[PDB]
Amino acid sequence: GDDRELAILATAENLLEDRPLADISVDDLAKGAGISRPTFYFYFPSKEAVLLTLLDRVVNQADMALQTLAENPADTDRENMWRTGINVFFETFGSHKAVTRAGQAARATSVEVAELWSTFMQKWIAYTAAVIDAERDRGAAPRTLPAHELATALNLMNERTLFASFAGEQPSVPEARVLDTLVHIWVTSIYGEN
């Protein structure tokens, strides 16, 4: 039943491009997937469950991509190392704006969404801290702020800043400038002595 489940997912991601989940019905998702309404309930308990699955797929895709970089570094300087890591998130979520927006708006009423985001953020923060620590160990970065607290703030900045740019918020950094903006902040705060 992958086809019909994927068809429900694709339909949902497509519609979420024009309106919020609240304005999307199970029938819409059903008609979109070419199945009946009761048959939808065979794959998902609710439309909120569909969005959750969508976010879970986007989140894991970014995580897997980062995992790929971890295993296969890249012959380049330290500035580029961080840029490639940040780019994983700019590109993954930037290629799924509708789901990112819907996912954010869902956090307020979905503990599933909240816990999913929280778990990976902790995961991405722990990795950033490990890289910073490794960087400090080799003598490249000065031992300034506690690595994990620095990593948390930088990660929270990206979460908020990338979202603002993807959503075209007021205020926000233009999407065409956001990667460079974040990379500079990460690089100066990680290697800066003061």
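Numbers for residues come from their place in the sequence shown, where the first is 1.
The mean C-alpha temperature factor is higher for 131-139 when 148-156 and 131-139 are set side by side. Of the two segments examined, 68-76 and 100-108, it is 68-76 that shows the higher average Cα temperature factor in the deposited entry. Highest CA B-factor among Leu9, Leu16, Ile185, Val178, as stated in the entry: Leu16.
Sorting the modelled residues of the chain by their CA temperature factor places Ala62 in the middle third. Among the modelled residues of the chain, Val26 sits in the highest third by CA temperature factor in this PDB entry. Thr161 sits in the lowest third of its chain by CA B factor, as recorded in the PDB entry. When the CA B factors of the chain's modelled residues are split into thirds, the value for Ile125 lands in the lowest one.
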